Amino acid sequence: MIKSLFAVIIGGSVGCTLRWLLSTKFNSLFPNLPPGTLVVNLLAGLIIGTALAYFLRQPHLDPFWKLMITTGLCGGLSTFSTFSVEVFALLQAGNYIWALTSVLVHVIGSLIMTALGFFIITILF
């Protein structure tokens, strides 16, 4: 399904490039909880929540666009492997308090953002 492949690639490429820019320009600012990595995960939550809710209201929207936004954009923008390494590293550095804070702020942060994205569109309809 080459039409779908193009959606994952174009969307993912946009997502990954965004992650890259935000991560390189901002992660040094606070290395116990890199702001760039946090922000991409937060933002991809916001985006995906609003998109999911939006697609429930637009049930004729081509799966191409839905694929581009979720599996591509958000999936390329957000990152688990980067998050895990950051945390792993803080474990390696014995910095347990920020290792813990980092998983709380990433998981709880992203749930709040996905919910806010989904519900600010649900309250809007």
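Don't overthink the numbering: it's just position in the shown sequence, from 1.
Undergrad: On mean Cα temperature factor in this entry, is 56 to 64 or 81 to 89 the higher one?
TA: The recorded data point to 56 to 64.
Undergrad: Give the stretch, out of 114 to 122 and 1 to 9, with the larger mean C-alpha temperature factor in the deposited entry.
TA: The deposited B-factors put 1 to 9 ahead on the C-alpha mean.
Undergrad: Mind checking which third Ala99 falls in for C-alpha B-factor across the chain?
TA: CA B-factor rank for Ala99: middle third.
Undergrad: Could you tell me which third, lowest, middle or highest, the C-alpha B-factor of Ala44 occupies within its chain?
TA: Lowest third.
Undergrad: Thinking about Cα B factors across the chain, which third does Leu33 belong to?
TA: According to the entry, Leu33 has a C-alpha B-factor in the chain's middle third.
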